[PDB]
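The structure appears right after this line, and notes come after that.
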There are 2 protein chains.
Amino acid sequence: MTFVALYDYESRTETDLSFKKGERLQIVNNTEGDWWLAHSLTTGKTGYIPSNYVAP
Amino acid sequence: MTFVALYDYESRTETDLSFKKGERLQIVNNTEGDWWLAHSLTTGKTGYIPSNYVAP
């Protein structure tokens with residue numbers, strides 16, 4: 001299961017990956033799952049969250 | 001489309017969201033899409049990437 005970078009991306013944090021268009025990438029499996037941008041109705045705060053940590 | 005936090009999560013970076021179990025969350029749509037942990041076969045580097053930036 002291999003992918004390829006459509007555009008350049010420069011990292012904005014210490015945990016993301018910088019790459020250039022054409023690079024070949026493999027998805028790594030982690031226990032955290034996909035990450036989503038979320039808004040907390042409880043706190044009003046907003047930011048990325050690990051999918052597996054929540055349920056509908 | 002609302003979810004609820006199964007576990008506490010403490011933020012590790014400046015972009016993720018800290019929350020506590022039971023919090024209610026709403027997914028925000030961004031152009032970047034889901035984020036995945038990836039390994040670059042081209043560079044050997046590893047880190048999170050925005051889904052929409054790549055194709056199989």
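Naming scheme: A, B, ... for chains in displayed order of the structure tokens; residues 1 onward per chain; ligands 1 onward as shown.
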Polymer residues at most 9 Å from range 36-40 of chain B, only C-alpha atoms, same-chain spacing of 6 or more positions, as a compact mmCIF listing (two decimals) with N, CA, C and O atoms, in the first residue's frame:
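Wrote it out as around.txt, contents follow:
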```
# COMPACT_ATOMS: atom_id res chain seq x y z
N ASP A 16 5.06 16.41 12.06
CA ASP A 16 4.62 16.14 10.69
C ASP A 16 5.83 15.91 9.78
O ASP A 16 6.96 16.17 10.17
N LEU A 17 5.56 15.42 8.59
CA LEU A 17 6.61 15.01 7.67
C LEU A 17 6.70 15.98 6.50
O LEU A 17 5.68 16.25 5.88
N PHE A 19 7.75 16.70 2.72
CA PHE A 19 8.06 15.89 1.55
C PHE A 19 7.93 16.73 0.31
O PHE A 19 7.43 17.85 0.36
N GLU A 23 7.53 12.06 -4.18
CA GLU A 23 8.02 11.15 -3.15
C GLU A 23 7.08 9.96 -2.99
O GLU A 23 5.89 10.05 -3.25
N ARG A 24 7.63 8.84 -2.55
CA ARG A 24 6.82 7.65 -2.35
C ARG A 24 6.74 7.39 -0.87
O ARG A 24 7.76 7.44 -0.18
N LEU A 25 5.54 7.09 -0.41
CA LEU A 25 5.21 7.02 1.00
C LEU A 25 4.46 5.76 1.35
O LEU A 25 3.65 5.26 0.57
N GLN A 26 4.69 5.25 2.54
CA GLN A 26 3.99 4.08 3.01
C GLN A 26 3.28 4.40 4.30
O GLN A 26 3.85 5.03 5.20
N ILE A 27 2.04 3.98 4.41
CA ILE A 27 1.30 4.27 5.61
C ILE A 27 1.77 3.38 6.73
O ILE A 27 1.91 2.17 6.56
N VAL A 28 2.05 3.99 7.86
CA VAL A 28 2.42 3.27 9.04
C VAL A 28 1.18 3.10 9.92
O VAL A 28 0.39 4.02 10.07
N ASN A 29 1.01 1.90 10.47
CA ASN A 29 -0.09 1.67 11.40
C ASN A 29 0.30 2.02 12.83
O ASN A 29 1.31 1.54 13.33
N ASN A 30 -0.48 2.88 13.47
CA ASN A 30 -0.31 3.16 14.89
C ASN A 30 -1.63 2.96 15.62
O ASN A 30 -2.70 2.90 14.99
N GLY A 33 -4.56 5.81 15.31
CA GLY A 33 -5.47 5.88 14.17
C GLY A 33 -5.33 7.19 13.42
O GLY A 33 -4.39 7.94 13.68
N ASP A 34 -6.24 7.46 12.49
CA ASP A 34 -6.20 8.70 11.73
C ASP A 34 -6.34 9.89 12.67
O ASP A 34 -6.91 9.75 13.74
N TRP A 35 -5.83 11.05 12.29
CA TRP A 35 -6.08 12.24 13.09
C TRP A 35 -7.03 13.19 12.37
O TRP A 35 -6.92 13.39 11.15
N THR B 46 10.02 10.04 8.62
CA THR B 46 8.74 9.48 9.06
C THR B 46 7.99 10.55 9.85
O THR B 46 8.61 11.32 10.58
N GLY B 47 6.68 10.63 9.68
CA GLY B 47 5.90 11.64 10.37
C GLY B 47 4.51 11.73 9.76
O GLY B 47 4.20 11.00 8.83
N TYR B 48 3.68 12.62 10.28
CA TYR B 48 2.29 12.72 9.85
C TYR B 48 2.20 13.55 8.57
O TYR B 48 2.96 14.50 8.37
N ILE B 49 1.23 13.19 7.74
CA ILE B 49 1.03 13.78 6.42
C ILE B 49 -0.47 14.06 6.18
O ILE B 49 -1.33 13.38 6.74
N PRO B 50 -0.77 15.04 5.33
CA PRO B 50 -2.20 15.29 5.09
C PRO B 50 -2.68 14.47 3.94
O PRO B 50 -2.10 14.61 2.86
N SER B 51 -3.68 13.62 4.18
CA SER B 51 -4.23 12.65 3.22
C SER B 51 -4.42 13.18 1.82
O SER B 51 -4.00 12.57 0.85
```
Can I have chain A aligned to chain B? Use a least-squares fit on all Cα atoms paired in order and write it out as a PDB file with N, CA, C and O atoms, in the first residue's frame.
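Saved as selection.pdb:
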```pdb
ATOM      1  N   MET A   1     -23.104  15.356  13.175  1.00  0.00           N
ATOM      2  CA  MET A   1     -22.063  14.345  13.322  1.00  0.00           C
ATOM      3  C   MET A   1     -21.190  14.650  14.528  1.00  0.00           C
ATOM      4  O   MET A   1     -20.182  15.352  14.428  1.00  0.00           O
ATOM      5  N   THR A   2     -21.579  14.092  15.662  1.00  0.00           N
ATOM      6  CA  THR A   2     -20.966  14.407  16.938  1.00  0.00           C
ATOM      7  C   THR A   2     -20.368  13.143  17.561  1.00  0.00           C
ATOM      8  O   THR A   2     -20.904  12.045  17.391  1.00  0.00           O
ATOM      9  N   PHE A   3     -19.243  13.301  18.256  1.00  0.00           N
ATOM     10  CA  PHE A   3     -18.536  12.180  18.861  1.00  0.00           C
ATOM     11  C   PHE A   3     -18.312  12.437  20.333  1.00  0.00           C
ATOM     12  O   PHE A   3     -18.606  13.526  20.835  1.00  0.00           O
ATOM     13  N   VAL A   4     -17.775  11.450  21.034  1.00  0.00           N
ATOM     14  CA  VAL A   4     -17.474  11.640  22.437  1.00  0.00           C
ATOM     15  C   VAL A   4     -16.165  10.955  22.846  1.00  0.00           C
ATOM     16  O   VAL A   4     -15.849   9.847  22.420  1.00  0.00           O
ATOM     17  N   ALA A   5     -15.394  11.657  23.660  1.00  0.00           N
ATOM     18  CA  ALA A   5     -14.069  11.215  24.039  1.00  0.00           C
ATOM     19  C   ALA A   5     -14.134  10.003  24.939  1.00  0.00           C
ATOM     20  O   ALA A   5     -14.735  10.061  26.014  1.00  0.00           O
ATOM     21  N   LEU A   6     -13.487   8.915  24.515  1.00  0.00           N
ATOM     22  CA  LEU A   6     -13.452   7.694  25.317  1.00  0.00           C
ATOM     23  C   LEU A   6     -12.403   7.778  26.417  1.00  0.00           C
ATOM     24  O   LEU A   6     -12.591   7.237  27.503  1.00  0.00           O
ATOM     25  N   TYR A   7     -11.292   8.452  26.140  1.00  0.00           N
ATOM     26  CA  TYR A   7     -10.213   8.553  27.123  1.00  0.00           C
ATOM     27  C   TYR A   7      -9.764   9.983  27.191  1.00  0.00           C
ATOM     28  O   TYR A   7     -10.017  10.743  26.265  1.00  0.00           O
ATOM     29  N   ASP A   8      -9.105  10.348  28.282  1.00  0.00           N
ATOM     30  CA  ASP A   8      -8.373  11.592  28.328  1.00  0.00           C
ATOM     31  C   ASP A   8      -7.268  11.574  27.270  1.00  0.00           C
ATOM     32  O   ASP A   8      -6.684  10.521  26.995  1.00  0.00           O
ATOM     33  N   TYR A   9      -6.981  12.737  26.695  1.00  0.00           N
ATOM     34  CA  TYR A   9      -5.795  12.905  25.853  1.00  0.00           C
ATOM     35  C   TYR A   9      -5.128  14.234  26.183  1.00  0.00           C
ATOM     36  O   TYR A   9      -5.783  15.271  26.167  1.00  0.00           O
ATOM     37  N   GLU A  10      -3.839  14.209  26.499  1.00  0.00           N
ATOM     38  CA  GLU A  10      -3.079  15.442  26.703  1.00  0.00           C
ATOM     39  C   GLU A  10      -2.298  15.826  25.439  1.00  0.00           C
ATOM     40  O   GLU A  10      -1.660  14.981  24.830  1.00  0.00           O
ATOM     41  N   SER A  11      -2.324  17.098  25.059  1.00  0.00           N
ATOM     42  CA  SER A  11      -1.705  17.506  23.812  1.00  0.00           C
ATOM     43  C   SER A  11      -0.196  17.343  23.883  1.00  0.00           C
ATOM     44  O   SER A  11       0.416  17.564  24.915  1.00  0.00           O
ATOM     45  N   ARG A  12       0.395  16.957  22.770  1.00  0.00           N
ATOM     46  CA  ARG A  12       1.833  16.784  22.715  1.00  0.00           C
ATOM     47  C   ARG A  12       2.458  17.844  21.830  1.00  0.00           C
ATOM     48  O   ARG A  12       3.667  18.027  21.838  1.00  0.00           O
ATOM     49  N   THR A  13       1.638  18.558  21.068  1.00  0.00           N
ATOM     50  CA  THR A  13       2.166  19.593  20.197  1.00  0.00           C
ATOM     51  C   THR A  13       1.328  20.847  20.273  1.00  0.00           C
ATOM     52  O   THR A  13       0.409  20.949  21.070  1.00  0.00           O
ATOM     53  N   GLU A  14       1.638  21.807  19.423  1.00  0.00           N
ATOM     54  CA  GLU A  14       0.933  23.063  19.485  1.00  0.00           C
ATOM     55  C   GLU A  14      -0.365  22.999  18.672  1.00  0.00           C
ATOM     56  O   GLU A  14      -1.188  23.894  18.775  1.00  0.00           O
ATOM     57  N   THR A  15      -0.575  21.924  17.909  1.00  0.00           N
ATOM     58  CA  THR A  15      -1.734  21.844  17.010  1.00  0.00           C
ATOM     59  C   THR A  15      -2.793  20.805  17.402  1.00  0.00           C
ATOM     60  O   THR A  15      -3.900  20.801  16.858  1.00  0.00           O
ATOM     61  N   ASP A  16      -2.480  19.951  18.361  1.00  0.00           N
ATOM     62  CA  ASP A  16      -3.468  18.944  18.739  1.00  0.00           C
ATOM     63  C   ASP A  16      -4.349  19.466  19.874  1.00  0.00           C
ATOM     64  O   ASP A  16      -4.053  20.491  20.476  1.00  0.00           O
ATOM     65  N   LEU A  17      -5.435  18.758  20.135  1.00  0.00           N
ATOM     66  CA  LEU A  17      -6.443  19.199  21.078  1.00  0.00           C
ATOM     67  C   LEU A  17      -6.403  18.346  22.331  1.00  0.00           C
ATOM     68  O   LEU A  17      -6.443  17.129  22.220  1.00  0.00           O
ATOM     69  N   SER A  18      -6.270  18.948  23.508  1.00  0.00           N
ATOM     70  CA  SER A  18      -6.379  18.163  24.743  1.00  0.00           C
ATOM     71  C   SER A  18      -7.844  18.049  25.079  1.00  0.00           C
ATOM     72  O   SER A  18      -8.588  19.018  24.929  1.00  0.00           O
ATOM     73  N   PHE A  19      -8.266  16.893  25.554  1.00  0.00           N
ATOM     74  CA  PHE A  19      -9.650  16.742  25.973  1.00  0.00           C
ATOM     75  C   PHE A  19      -9.736  15.718  27.074  1.00  0.00           C
ATOM     76  O   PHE A  19      -8.770  15.014  27.344  1.00  0.00           O
ATOM     77  N   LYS A  20     -10.899  15.619  27.701  1.00  0.00           N
ATOM     78  CA  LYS A  20     -11.080  14.621  28.744  1.00  0.00           C
ATOM     79  C   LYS A  20     -12.209  13.702  28.348  1.00  0.00           C
ATOM     80  O   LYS A  20     -13.015  14.049  27.489  1.00  0.00           O
ATOM     81  N   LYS A  21     -12.226  12.498  28.923  1.00  0.00           N
ATOM     82  CA  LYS A  21     -13.255  11.522  28.573  1.00  0.00           C
ATOM     83  C   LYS A  21     -14.646  12.114  28.804  1.00  0.00           C
ATOM     84  O   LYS A  21     -14.895  12.797  29.796  1.00  0.00           O
ATOM     85  N   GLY A  22     -15.535  11.893  27.848  1.00  0.00           N
ATOM     86  CA  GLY A  22     -16.893  12.363  27.988  1.00  0.00           C
ATOM     87  C   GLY A  22     -17.149  13.653  27.243  1.00  0.00           C
ATOM     88  O   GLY A  22     -18.301  13.999  26.987  1.00  0.00           O
ATOM     89  N   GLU A  23     -16.080  14.363  26.879  1.00  0.00           N
ATOM     90  CA  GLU A  23     -16.227  15.576  26.086  1.00  0.00           C
ATOM     91  C   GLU A  23     -16.942  15.287  24.776  1.00  0.00           C
ATOM     92  O   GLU A  23     -16.886  14.183  24.257  1.00  0.00           O
ATOM     93  N   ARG A  24     -17.620  16.288  24.243  1.00  0.00           N
ATOM     94  CA  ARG A  24     -18.334  16.121  22.999  1.00  0.00           C
ATOM     95  C   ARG A  24     -17.629  16.940  21.951  1.00  0.00           C
ATOM     96  O   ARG A  24     -17.292  18.100  22.196  1.00  0.00           O
ATOM     97  N   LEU A  25     -17.438  16.335  20.787  1.00  0.00           N
ATOM     98  CA  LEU A  25     -16.586  16.869  19.733  1.00  0.00           C
ATOM     99  C   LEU A  25     -17.278  16.847  18.389  1.00  0.00           C
ATOM    100  O   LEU A  25     -18.039  15.942  18.081  1.00  0.00           O
ATOM    101  N   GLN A  26     -16.974  17.830  17.565  1.00  0.00           N
ATOM    102  CA  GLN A  26     -17.526  17.891  16.229  1.00  0.00           C
ATOM    103  C   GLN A  26     -16.396  17.939  15.228  1.00  0.00           C
ATOM    104  O   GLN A  26     -15.424  18.683  15.401  1.00  0.00           O
ATOM    105  N   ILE A  27     -16.512  17.148  14.176  1.00  0.00           N
ATOM    106  CA  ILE A  27     -15.457  17.138  13.198  1.00  0.00           C
ATOM    107  C   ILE A  27     -15.541  18.382  12.352  1.00  0.00           C
ATOM    108  O   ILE A  27     -16.602  18.763  11.872  1.00  0.00           O
ATOM    109  N   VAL A  28     -14.404  19.030  12.202  1.00  0.00           N
ATOM    110  CA  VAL A  28     -14.289  20.178  11.348  1.00  0.00           C
ATOM    111  C   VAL A  28     -13.744  19.742   9.996  1.00  0.00           C
ATOM    112  O   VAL A  28     -12.826  18.927   9.929  1.00  0.00           O
ATOM    113  N   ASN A  29     -14.319  20.263   8.920  1.00  0.00           N
ATOM    114  CA  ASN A  29     -13.801  19.973   7.591  1.00  0.00           C
ATOM    115  C   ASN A  29     -12.710  20.956   7.195  1.00  0.00           C
ATOM    116  O   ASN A  29     -12.904  22.168   7.255  1.00  0.00           O
ATOM    117  N   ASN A  30     -11.552  20.428   6.814  1.00  0.00           N
ATOM    118  CA  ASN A  30     -10.484  21.250   6.254  1.00  0.00           C
ATOM    119  C   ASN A  30     -10.038  20.674   4.917  1.00  0.00           C
ATOM    120  O   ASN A  30     -10.333  19.517   4.596  1.00  0.00           O
ATOM    121  N   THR A  31      -9.336  21.487   4.135  1.00  0.00           N
ATOM    122  CA  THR A  31      -8.889  21.076   2.811  1.00  0.00           C
ATOM    123  C   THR A  31      -7.762  20.042   2.895  1.00  0.00           C
ATOM    124  O   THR A  31      -7.476  19.345   1.925  1.00  0.00           O
ATOM    125  N   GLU A  32      -7.135  19.932   4.062  1.00  0.00           N
ATOM    126  CA  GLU A  32      -5.993  19.040   4.228  1.00  0.00           C
ATOM    127  C   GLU A  32      -6.430  17.582   4.346  1.00  0.00           C
ATOM    128  O   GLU A  32      -5.698  16.672   3.961  1.00  0.00           O
ATOM    129  N   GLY A  33      -7.632  17.357   4.864  1.00  0.00           N
ATOM    130  CA  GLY A  33      -8.154  16.005   5.005  1.00  0.00           C
ATOM    131  C   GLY A  33      -7.601  15.317   6.237  1.00  0.00           C
ATOM    132  O   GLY A  33      -6.967  15.964   7.064  1.00  0.00           O
ATOM    133  N   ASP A  34      -7.849  14.017   6.367  1.00  0.00           N
ATOM    134  CA  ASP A  34      -7.345  13.257   7.505  1.00  0.00           C
ATOM    135  C   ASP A  34      -5.820  13.304   7.521  1.00  0.00           C
ATOM    136  O   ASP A  34      -5.205  13.480   6.480  1.00  0.00           O
ATOM    137  N   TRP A  35      -5.205  13.153   8.686  1.00  0.00           N
ATOM    138  CA  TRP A  35      -3.752  13.035   8.723  1.00  0.00           C
ATOM    139  C   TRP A  35      -3.336  11.613   9.073  1.00  0.00           C
ATOM    140  O   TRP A  35      -3.931  10.981   9.952  1.00  0.00           O
ATOM    141  N   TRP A  36      -2.313  11.127   8.367  1.00  0.00           N
ATOM    142  CA  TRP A  36      -1.781   9.774   8.532  1.00  0.00           C
ATOM    143  C   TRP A  36      -0.298   9.771   8.909  1.00  0.00           C
ATOM    144  O   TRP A  36       0.465  10.610   8.439  1.00  0.00           O
ATOM    145  N   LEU A  37       0.110   8.792   9.699  1.00  0.00           N
ATOM    146  CA  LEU A  37       1.538   8.571   9.947  1.00  0.00           C
ATOM    147  C   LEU A  37       2.140   7.872   8.735  1.00  0.00           C
ATOM    148  O   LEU A  37       1.682   6.796   8.356  1.00  0.00           O
ATOM    149  N   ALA A  38       3.147   8.492   8.121  1.00  0.00           N
ATOM    150  CA  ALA A  38       3.746   7.934   6.924  1.00  0.00           C
ATOM    151  C   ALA A  38       5.260   7.824   7.005  1.00  0.00           C
ATOM    152  O   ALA A  38       5.933   8.551   7.745  1.00  0.00           O
ATOM    153  N   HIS A  39       5.767   6.926   6.173  1.00  0.00           N
ATOM    154  CA  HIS A  39       7.194   6.707   6.040  1.00  0.00           C
ATOM    155  C   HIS A  39       7.573   6.968   4.609  1.00  0.00           C
ATOM    156  O   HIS A  39       6.975   6.390   3.715  1.00  0.00           O
ATOM    157  N   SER A  40       8.540   7.857   4.394  1.00  0.00           N
ATOM    158  CA  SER A  40       8.957   8.234   3.064  1.00  0.00           C
ATOM    159  C   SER A  40      10.010   7.254   2.576  1.00  0.00           C
ATOM    160  O   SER A  40      11.075   7.127   3.177  1.00  0.00           O
ATOM    161  N   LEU A  41       9.704   6.544   1.503  1.00  0.00           N
ATOM    162  CA  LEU A  41      10.655   5.588   0.949  1.00  0.00           C
ATOM    163  C   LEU A  41      11.731   6.357   0.213  1.00  0.00           C
ATOM    164  O   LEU A  41      12.839   5.877   0.002  1.00  0.00           O
ATOM    165  N   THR A  42      11.424   7.591  -0.141  1.00  0.00           N
ATOM    166  CA  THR A  42      12.398   8.407  -0.832  1.00  0.00           C
ATOM    167  C   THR A  42      13.439   9.009   0.103  1.00  0.00           C
ATOM    168  O   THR A  42      14.612   9.083  -0.251  1.00  0.00           O
ATOM    169  N   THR A  43      13.027   9.428   1.302  1.00  0.00           N
ATOM    170  CA  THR A  43      13.949  10.129   2.202  1.00  0.00           C
ATOM    171  C   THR A  43      14.312   9.328   3.459  1.00  0.00           C
ATOM    172  O   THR A  43      15.284   9.646   4.146  1.00  0.00           O
ATOM    173  N   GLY A  44      13.519   8.310   3.767  1.00  0.00           N
ATOM    174  CA  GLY A  44      13.658   7.586   5.021  1.00  0.00           C
ATOM    175  C   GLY A  44      13.026   8.299   6.229  1.00  0.00           C
ATOM    176  O   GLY A  44      12.941   7.725   7.318  1.00  0.00           O
ATOM    177  N   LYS A  45      12.569   9.540   6.053  1.00  0.00           N
ATOM    178  CA  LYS A  45      11.952  10.279   7.165  1.00  0.00           C
ATOM    179  C   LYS A  45      10.543   9.759   7.433  1.00  0.00           C
ATOM    180  O   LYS A  45       9.940   9.120   6.578  1.00  0.00           O
ATOM    181  N   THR A  46      10.018  10.038   8.624  1.00  0.00           N
ATOM    182  CA  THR A  46       8.745   9.479   9.059  1.00  0.00           C
ATOM    183  C   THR A  46       7.993  10.546   9.854  1.00  0.00           C
ATOM    184  O   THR A  46       8.615  11.325  10.582  1.00  0.00           O
ATOM    185  N   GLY A  47       6.679  10.629   9.675  1.00  0.00           N
ATOM    186  CA  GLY A  47       5.895  11.636  10.373  1.00  0.00           C
ATOM    187  C   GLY A  47       4.509  11.726   9.758  1.00  0.00           C
ATOM    188  O   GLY A  47       4.199  10.998   8.832  1.00  0.00           O
ATOM    189  N   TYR A  48       3.679  12.623  10.280  1.00  0.00           N
ATOM    190  CA  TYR A  48       2.294  12.717   9.846  1.00  0.00           C
ATOM    191  C   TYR A  48       2.196  13.548   8.572  1.00  0.00           C
ATOM    192  O   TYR A  48       2.959  14.497   8.371  1.00  0.00           O
ATOM    193  N   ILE A  49       1.234  13.188   7.736  1.00  0.00           N
ATOM    194  CA  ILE A  49       1.032  13.784   6.424  1.00  0.00           C
ATOM    195  C   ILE A  49      -0.468  14.064   6.179  1.00  0.00           C
ATOM    196  O   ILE A  49      -1.332  13.383   6.742  1.00  0.00           O
ATOM    197  N   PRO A  50      -0.773  15.042   5.329  1.00  0.00           N
ATOM    198  CA  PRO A  50      -2.200  15.295   5.091  1.00  0.00           C
ATOM    199  C   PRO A  50      -2.679  14.468   3.937  1.00  0.00           C
ATOM    200  O   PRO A  50      -2.104  14.607   2.859  1.00  0.00           O
ATOM    201  N   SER A  51      -3.682  13.624   4.182  1.00  0.00           N
ATOM    202  CA  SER A  51      -4.230  12.654   3.221  1.00  0.00           C
ATOM    203  C   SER A  51      -4.419  13.185   1.823  1.00  0.00           C
ATOM    204  O   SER A  51      -3.996  12.568   0.850  1.00  0.00           O
ATOM    205  N   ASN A  52      -5.096  14.318   1.717  1.00  0.00           N
ATOM    206  CA  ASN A  52      -5.442  14.850   0.409  1.00  0.00           C
ATOM    207  C   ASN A  52      -4.230  15.199  -0.455  1.00  0.00           C
ATOM    208  O   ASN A  52      -4.361  15.390  -1.656  1.00  0.00           O
ATOM    209  N   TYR A  53      -3.047  15.258   0.144  1.00  0.00           N
ATOM    210  CA  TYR A  53      -1.856  15.664  -0.591  1.00  0.00           C
ATOM    211  C   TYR A  53      -1.231  14.511  -1.382  1.00  0.00           C
ATOM    212  O   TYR A  53      -0.259  14.715  -2.106  1.00  0.00           O
ATOM    213  N   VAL A  54      -1.773  13.306  -1.232  1.00  0.00           N
ATOM    214  CA  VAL A  54      -1.191  12.122  -1.854  1.00  0.00           C
ATOM    215  C   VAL A  54      -2.237  11.184  -2.462  1.00  0.00           C
ATOM    216  O   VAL A  54      -3.408  11.197  -2.059  1.00  0.00           O
ATOM    217  N   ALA A  55      -1.800  10.359  -3.412  1.00  0.00           N
ATOM    218  CA  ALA A  55      -2.664   9.372  -4.068  1.00  0.00           C
ATOM    219  C   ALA A  55      -1.964   8.018  -4.178  1.00  0.00           C
ATOM    220  O   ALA A  55      -0.735   7.960  -4.225  1.00  0.00           O
ATOM    221  N   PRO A  56      -2.737   6.921  -4.226  1.00  0.00           N
ATOM    222  CA  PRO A  56      -2.101   5.606  -4.380  1.00  0.00           C
ATOM    223  C   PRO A  56      -1.433   5.452  -5.737  1.00  0.00           C
ATOM    224  O   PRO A  56      -1.462   6.405  -6.513  1.00  0.00           O
TER     225      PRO A  56
END
```
Requested in this report: Mind listing the strand (DSSP E or B) residues of chain A, per DSSP on the backbone, as number ranges by chain?
Outcome: A: 2-5, 9, 16, 19, 24-27, 35-40, 46-50, 54-55
